[PDB]
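One structure is given below, encoded as C-alpha cells.
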Amino acid sequence: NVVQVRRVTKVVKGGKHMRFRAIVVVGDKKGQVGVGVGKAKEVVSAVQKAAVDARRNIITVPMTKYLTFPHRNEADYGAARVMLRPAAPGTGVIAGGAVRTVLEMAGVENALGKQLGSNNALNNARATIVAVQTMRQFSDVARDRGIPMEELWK
Amino acid sequence: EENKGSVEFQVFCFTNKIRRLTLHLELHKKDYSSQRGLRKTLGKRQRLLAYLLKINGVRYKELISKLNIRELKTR
Amino acid sequence: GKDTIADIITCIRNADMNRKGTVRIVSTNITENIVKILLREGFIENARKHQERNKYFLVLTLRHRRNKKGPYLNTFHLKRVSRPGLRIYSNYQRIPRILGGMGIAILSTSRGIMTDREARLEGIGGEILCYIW
RNA sequence: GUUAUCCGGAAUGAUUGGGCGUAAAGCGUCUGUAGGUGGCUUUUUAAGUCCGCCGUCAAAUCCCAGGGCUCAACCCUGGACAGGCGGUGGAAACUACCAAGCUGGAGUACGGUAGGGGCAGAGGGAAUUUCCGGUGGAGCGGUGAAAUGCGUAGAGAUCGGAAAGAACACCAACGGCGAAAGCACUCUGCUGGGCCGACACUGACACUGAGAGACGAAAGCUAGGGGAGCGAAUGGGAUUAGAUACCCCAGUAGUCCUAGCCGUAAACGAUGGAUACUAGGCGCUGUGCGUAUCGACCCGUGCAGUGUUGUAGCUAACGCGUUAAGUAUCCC
Ligand SMILES: [Mg+2]
Ligand SMILES: [Mg+2]
Ligand SMILES: [Mg+2]
Ligand SMILES: [Mg+2]
Ligand SMILES: [Mg+2]
Ligand SMILES: [Mg+2]
Ligand SMILES: [Mg+2]
Ligand SMILES: [Mg+2]
Ligand SMILES: [Mg+2]
Ligand SMILES: [Mg+2]
Ligand SMILES: [Mg+2]
Ligand SMILES: [Mg+2]
Ligand SMILES: [Mg+2]
Ligand SMILES: [Mg+2]
Ligand SMILES: [Mg+2]
Ligand SMILES: [Mg+2]
Ligand SMILES: [Mg+2]
Ligand SMILES: [Mg+2]
Ligand SMILES: [Mg+2]
Ligand SMILES: [Mg+2]
Ligand SMILES: [Mg+2]
Ligand SMILES: [Mg+2]
Ligand SMILES: [Mg+2]
Ligand SMILES: [Mg+2]
Ligand SMILES: [Mg+2]
Ligand SMILES: [Mg+2]
Ligand SMILES: [Mg+2]
Ligand SMILES: [Mg+2]
Ligand SMILES: [Mg+2]
Ligand SMILES: [Mg+2]
Ligand SMILES: [Mg+2]
Ligand SMILES: [Mg+2]
Ligand SMILES: [Mg+2]
Ligand SMILES: [Mg+2]
Ligand SMILES: [Mg+2]
Ligand SMILES: [Mg+2]
Ligand SMILES: [Mg+2]
Ligand SMILES: [Mg+2]
Ligand SMILES: [Mg+2]
Ligand SMILES: [Mg+2]
Ligand SMILES: [Mg+2]
Ligand SMILES: [Mg+2]
Ligand SMILES: [Mg+2]
Ligand SMILES: [Mg+2]
Ligand SMILES: [Mg+2]
Ligand SMILES: [Mg+2]
Ligand SMILES: [Mg+2]
Ligand SMILES: [Mg+2]
Ligand SMILES: [Mg+2]
Ligand SMILES: [Mg+2]
Ligand SMILES: [Mg+2]
Ligand SMILES: [Mg+2]
Ligand SMILES: [Mg+2]
Ligand SMILES: [Mg+2]
Ligand SMILES: [Mg+2]
Ligand SMILES: [Mg+2]
C-alpha cells in the first residue's frame, strides 16, 4: 500500500534533478506488517524498491482474540509521538494517515490512535512500529514475572 | 570546653567574629570582599537564633540578652 | 534527598537501563516494604540487607538481560505518582490498574502498603506511591 | 447554501498535557525576609487521607429500565452512579501534629596547606616623551606610490645628565583564585573564603527565594587633583565621481588618582540553584593514605576542583554525555 509519493530534488549545475520518494507499507492483514522507503526516477520503480526494503524490515504485531491491542501504549521516533489504545469490538480503526495505514495493513481491527507531536508520514509509521513492537502479550508477562495467568487477570 | 558545637557557643563565636570584623570594615570601607563574608556569617548567626527560638524559648531569650544580640525581626 | 521513595525508584531505573543486575539502595521501612512487595510480584530476582557505620543497604539482584544485552524487547519502567508537590489519593472505585493489570500499582493505605489487587480484595483506597510496568 | 456567535480540532496558556545551549524563552551575580518543599527511628494525635451508616444537594433536564400518543420527536412512572457539603462510628500506612531519640545532610572547634581573592602602606626596573648640554652637519619621518609635518634658528643619529606620568616583558600553561564583574614587577601589614585529615562537638539547624539589599567591565557625569603615551571629536595631507571613511601628520575630551553618581554589555558555558543516581580512556591542581626509600621522585589509590575524546541514554539535527543538554524530586 503506497502511503506517500513526493518529489524530492537534488540540484546540479544543469538544473533540477528530479526524483520520487515513496513511503510504502506491506501487510498480509493477518498480523504481519512492515514499513519501507524508496527512491527512484519513476513512480513505479521507487514503489518497487520501497516494497523490497519493507519486506526485509518486517515484524509482527501482538493481537488479541478480538483483533486489537494487548494494552495502551506510547511511542517515540524523532518528533513523532504515537498513542495507541485498545478498543471494544465493532469500533473499527480510527486514526490518521500513517498510523491508520500501518495498523490497517497489520490487520488490527479495532484500535484507537492519535499521533501527537509531528505530522510527518514516515516518522509516524516508524513510531507505530516501535509502539506495536514493545507490546507485551499476557502469556509472556505471566512467564516473565513467574506468575500464573489467572492471578494477573484479577 | 563546654560544648564547642552547642547552639549558644556557636552563636557566641559568630557574634564575636562579627564585632571583630566591624573594625576592619571601618578602617577600610572599600573592601567589599570582606563585607560579603560578613553578610554571610551574620546570616548564619541569624539562622541559628531562629532555629533556637523554634526549639527552646528560654535558652533563646537568655542568649540574646546575654551576648547583647539585637532582638529578632519576628515581632 | 527531598524524596526518598522517588530516589529508590530512580536508582532502580538507572541500574536497570545500564544493564546491571546489582543495585545498592538505602533501606527504610518504606523501602524495605516496597522491595518485599516487588519480590512477591516477581519484578526483581532477590534482595538482601547489609550494614556498615550504622547505614543499611539493601542490595537488589535484577532480572537477567533479554537473550542478549543489545536486542532488548523489554525494559522495566517505574513512575512516581504522588510526590511532595502533589499528593494523589483515590477512593476504592478510582483505584488505578496498569495496562489492563499486566503491571501493578503501589498503595499506602490504613492497613499498610500493598498492591491494587489487595486493595480491591479488602475494599480500601489510599495514597498512590508509584506505578510499575 | 452564505454571513455572524461559541466550543472543538489547538498538546496553540500544557493539572491530566509543552518548553527555555543555538528555534520565542535562565534575572549580570550573590546575601537573605515572607512563601513552598524537607533525612532516619520510636510514640502520640487524628487535621488531611481511607471505610461504613445518616441528613441534604427542589421538581424539570442528562443516564438506565418500562409505559403512552399508529412511529419518532414529545409526555409519564420508577430508580441510580458520580461529585459537593454537614453529622456520627471505625482504620493509623503516608502528609500533618505531640513526645523522645539518631548521625550520613548542614554547621562549630582543632590541625594542616595552595592561591594574580579584596583593601591599605612601602619599594623597583626597562621603554617612551620633553627639557639642559657635548659631537656632528642634510635630510628625518611616513605610504600601495606620495604629500602635509619636523629640519641650517642645527633636525634625526649618538653620549651624558635631570624630570614626569602611565603600564608591568620573560615567567605565562589547552595553569591559580574569585559569587560575578575581575584579579599578575616586588614586599609587608588588615582581612574574606575554599579544600583536605581526624569523631572533638551540636543534632535537621536544610534547599530555594516573590518583594528588599549589596556588589556590578567599558563608556558617561558631578567636584578636586594629574596629564608621558594613546586617542573619540576637530584640523591639515592624500585616495576617490564624491570620501563628512579606510591610510598619514598633528591633536582636545577622556584614559590615571581621590570622593561620589550611573546599573547597562555577546555581564556567554549564549546552559538558574540544591540533591540523589548512572562505562570508561587520557590529562592537570591542591591535598591524604599505603608503597619507594626512611627524602625527591616513584607507583597504586581516597576525596575536592579543573580539561580533552567517548559507552548507555537524550536530542529536530548539530551535539551533550559524572562539570549532562541523561534518569528522577523541590524551589525561582
Ligand atoms: Mg544508492
Ligand atoms: Mg520530545
Ligand atoms: Mg494533531
Ligand atoms: Mg474526596
Ligand atoms: Mg442552515
Ligand atoms: Mg485547549
Ligand atoms: Mg498562543
Ligand atoms: Mg513549544
Ligand atoms: Mg538568533
Ligand atoms: Mg534565543
Ligand atoms: Mg546565567
Ligand atoms: Mg541572557
Ligand atoms: Mg536586574
Ligand atoms: Mg540564598
Ligand atoms: Mg525561612
Ligand atoms: Mg513542615
Ligand atoms: Mg519523612
Ligand atoms: Mg433534580
Ligand atoms: Mg427509553
Ligand atoms: Mg411506543
Ligand atoms: Mg424523572
Ligand atoms: Mg453523595
Ligand atoms: Mg463525611
Ligand atoms: Mg504513625
Ligand atoms: Mg524532634
Ligand atoms: Mg593599593
Ligand atoms: Mg632608570
Ligand atoms: Mg661643528
Ligand atoms: Mg616645512
Ligand atoms: Mg628657538
Ligand atoms: Mg655647532
Ligand atoms: Mg635628538
Ligand atoms: Mg619617577
Ligand atoms: Mg573556580
Ligand atoms: Mg590586568
Ligand atoms: Mg588567607
Ligand atoms: Mg543528643
Ligand atoms: Mg528578585
Ligand atoms: Mg553601586
Ligand atoms: Mg570609566
Ligand atoms: Mg559630554
Ligand atoms: Mg575632571
Ligand atoms: Mg597631551
Ligand atoms: Mg598620535
Ligand atoms: Mg579631514
Ligand atoms: Mg587650534
Ligand atoms: Mg578632500
Ligand atoms: Mg602626539
Ligand atoms: Mg569611582
Ligand atoms: Mg540585559
Ligand atoms: Mg566578560
Ligand atoms: Mg611521573
Ligand atoms: Mg570531581
Ligand atoms: Mg566540551
Ligand atoms: Mg563529550
Ligand atoms: Mg534541550
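The values are calculated or read from the model by the stated rules, or taken from the named source; none is laboratory data. Heads up, the Cβs are rebuilt from the backbone with ideal geometry, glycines too, and the neighbour counts pull from every protein chain shown.
Among the residues of region C:88-98, are any among the aliphatic types (A, V, I, L, M), within 14 Å of chain A (Cβ to nearest Cβ) and within 14 Å of C:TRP133 (Cβ to Cβ)?
Within region C:88-98, one or more residues are among the aliphatic types (A, V, I, L, M), within 14 Å of chain A (Cβ to nearest Cβ) and within 14 Å of C:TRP133 (Cβ to Cβ).
For C:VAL81, only one of the following conditions fails: (1) in the same structural domain as C:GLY123 (by CATH); (2) near RNA strand D (Cβ under 8 Å from one of its atoms). What is its number?
Of the numbered conditions (1) in the same structural domain as C:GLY123 (by CATH); (2) near RNA strand D (Cβ under 8 Å from one of its atoms), the odd one out for C:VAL81 is (2).
Would you tally the residues in region B:21-43 being loosely packed, with under 13 Cβ neighbours inside 10 Å and either within 22 Å of B:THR74 (Cβ to Cβ) or within 12 Å of the chain's Cα centre (by Cα) (or both)?
Summing the residues that are loosely packed, with under 13 Cβ neighbours inside 10 Å and either within 22 Å of B:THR74 (Cβ to Cβ) or within 12 Å of the chain's Cα centre (by Cα) (or both) in region B:21-43 gives 3.
Taking region B:27-49, which residues are touching a residue at least 24 places away in the same chain (Cβ under 8 Å) and of a type outside the set (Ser, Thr, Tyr)?
Scanning region B:27-49 gives B:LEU42, B:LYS44, B:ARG45, B:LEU48, B:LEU49.
Tell me, please, whether a residue that is assigned to a helix (DSSP H, G or I), more than 15 Å from RNA strand D (Cβ to nearest atom), in contact with a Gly (Cβ under 7 Å, 6 or more places away or on another chain) and closer than 17 Å to A:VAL25 by Cα can be found in region A:59-80.
No, region A:59-80 contains no residue that is assigned to a helix (DSSP H, G or I), more than 15 Å from RNA strand D (Cβ to nearest atom), in contact with a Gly (Cβ under 7 Å, 6 or more places away or on another chain) and closer than 17 Å to A:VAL25 by Cα.
Restricting attention to helices (runs of 4 or more DSSP H) lying wholly within region A:91-154, give those where 1 or more residues are among the acidic types (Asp, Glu).
In region A:91-154, the matching helices (runs of 4 or more DSSP H) lie at A:97-106, A:138-145, A:149-153.
Could you check how many residues of region C:6-22 are among the hydrophobic types (A, V, I, L, M, F, W, C), within 8 Å of RNA strand D (Cβ to nearest atom) and surrounded by 15 or more Cβ atoms within 10 Å (Cβ to Cβ)?
The total comes to 4.
Inspect all residues belonging to region C:88-100 and state whether any of them is outside the structural domain of C:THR4 (by CATH), touching a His at 6+ places or on another chain (Cβ under 7 Å) and on the phi > 0 side of the Ramachandran plot.
Yes, there is a match, as at least one residue in region C:88-100 is outside the structural domain of C:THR4 (by CATH), touching a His at 6+ places or on another chain (Cβ under 7 Å) and on the phi > 0 side of the Ramachandran plot.
Identify the residue in region A:129-144 that is of a type outside the set (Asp, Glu) and out of contact with any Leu (no Cβ under 9 Å at 6 or more places or on another chain) and, among all such residues, is nearest to C:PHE43 (Cα to Cα).
A:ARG143
Mind checking which residues of region C:99-118 are within 27 Å of A:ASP140 (Cα to Cα) and either within 10 Å of chain A (Cβ to nearest Cβ) or more than 16 Å from the chain's Cα centre (by Cα) (or both)?
Of everything in region C:99-118, those that are within 27 Å of A:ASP140 (Cα to Cα) and either within 10 Å of chain A (Cβ to nearest Cβ) or more than 16 Å from the chain's Cα centre (by Cα) (or both) turn out to be C:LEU99, C:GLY100, C:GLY101, C:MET102, C:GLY103, C:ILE104, C:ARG117.
Would you say C:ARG80 is away from every other protein chain (no Cβ under 12 Å), surrounded by 14 or more Cβ atoms within 10 Å (Cβ to Cβ) and among the charged types (D, E, K, R)?
yes
Please find, within region A:24-41, the residue that is nearest to A:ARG7 (Cα to Cα) out of those that are touching a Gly at 6+ places or on another chain (Cβ under 6 Å) and buried (at least 21 other Cβ atoms within 10 Å of the Cβ).
Of everything passing the filter in region A:24-41, A:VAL24 is nearest to A:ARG7 (Cα to Cα).
Scan region A:53-80 and report the pairs whose first residue is aromatic (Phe, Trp, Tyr) and whose second residue is within 16 Å of ligand 3 (Cβ to nearest atom) and not in a strand (DSSP E or B), with Cβ atoms within less than 8 Å and a gap of 6+ or a chain change.
Close Cβ pairs (under 8 Å, with a partner that is within 16 Å of ligand 3 (Cβ to nearest atom) and not in a strand (DSSP E or B)) amount to A:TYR77/A:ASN123; A:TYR77/A:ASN124; A:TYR77/A:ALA127.
Surrounded by fewer than 20 Cβ atoms within 10 Å (Cβ to Cβ) and within 16 Å of A:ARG126 (Cα to Cα): which single residue out of A:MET83, A:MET18, A:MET63 fits that description?
Exactly one residue qualifies, and that residue is A:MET83.
Results for (1) of a type in the set (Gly, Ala, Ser); (2) in the same structural domain as A:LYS114 (by CATH); (3) closer than 23 Å to A:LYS114 by Cα, shown as yes or no for each residue.
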{"site": "A:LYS10", "(1), (2), (3)": "no, no, no"}
{"site": "A:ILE23", "(1), (2), (3)": "no, no, yes"}
{"site": "A:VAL35", "(1), (2), (3)": "no, no, yes"}
{"site": "A:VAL43", "(1), (2), (3)": "no, no, no"}
{"site": "A:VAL52", "(1), (2), (3)": "no, no, no"}
{"site": "A:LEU67", "(1), (2), (3)": "no, yes, yes"}
{"site": "A:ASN73", "(1), (2), (3)": "no, yes, yes"}
{"site": "A:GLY78", "(1), (2), (3)": "yes, yes, yes"}
{"site": "A:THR91", "(1), (2), (3)": "no, yes, yes"}
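A:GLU109: within 15 Å of RNA strand D (Cβ to nearest atom), surrounded by fewer than 21 Cβ atoms within 10 Å (Cβ to Cβ) and either within 14 Å of chain C (Cβ to nearest Cβ) or closer than 30 Å to A:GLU151 by Cα (or both), yes or no?
Here the answer is no, as A:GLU109 does not meet what is asked.
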